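Fold and contact review
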Amino acid sequence: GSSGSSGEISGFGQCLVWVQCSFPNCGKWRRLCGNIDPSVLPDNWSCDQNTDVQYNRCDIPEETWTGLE
Ligand SMILES: [Zn+2]
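Residues numbered from 1 in each chain as written, not as in the entry; some residues may be left out. Heavy atoms only, no water.

- What the entry reports as its method is solution NMR.

Laid out in structure tokens, this is it:
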């Protein structure tokens with residue numbers, strides 16, 4: 001594990017946002033670019049409203065759990 005230090009000039013300090021589909025059967029958390037907020041986003045947002053083509057559908061599965069042992 002590693003602590004995400006916030007202040008070091010070295011390293012990527014980009015943010016990360018997640019949006020949950022509006023449909024119940026979905027309820028999946030899609031990944032957006034990074035300059036998007038839920039406050040400005042619509043209430044009926046869905047996977048089809050995703051920026052990542054890799055996960056811009058309601059049929060695409062959620063990002064599998066990653067993590068080295
Ligand atoms: Zn969906």
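That was the structure; now back to the text.
**Quick word on the nonpolar core**
- Core analysis: the largest hydrophobic core is formed by six residues, namely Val-17, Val-19, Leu-32, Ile-36, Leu-41 and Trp-45.
- Among all residues touching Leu-32, those that are not within four sequence positions of it are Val-17, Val-19, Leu-41, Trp-45, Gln-49, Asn-50 and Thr-51. (Core = buried A, V, L, I, M, F, W, Y, C linked by side-chain atoms within 4.5 Å. Buried < 20%, exposed > 50% of the residue type's maximum accessible area, 1.4 Å probe, protein only. Contact = heavy atoms within 4.5 Å.)

**Digging into the environment of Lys-28**
- For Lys-28, the position within the fold is in the loop between β1 (18-20) and β2 (29-31).
- Separated by 18 residues in sequence, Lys-28 and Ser-46 place their C-alpha atoms 9.1 Å apart.
- In contact with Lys-28, other than residues within four places in its own chain, are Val-19, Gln-20, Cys-21, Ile-60, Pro-61 and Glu-62. (Helix = DSSP H or I, 4+ residues; strand = E, 2+ residues; numbered from the N terminus.)

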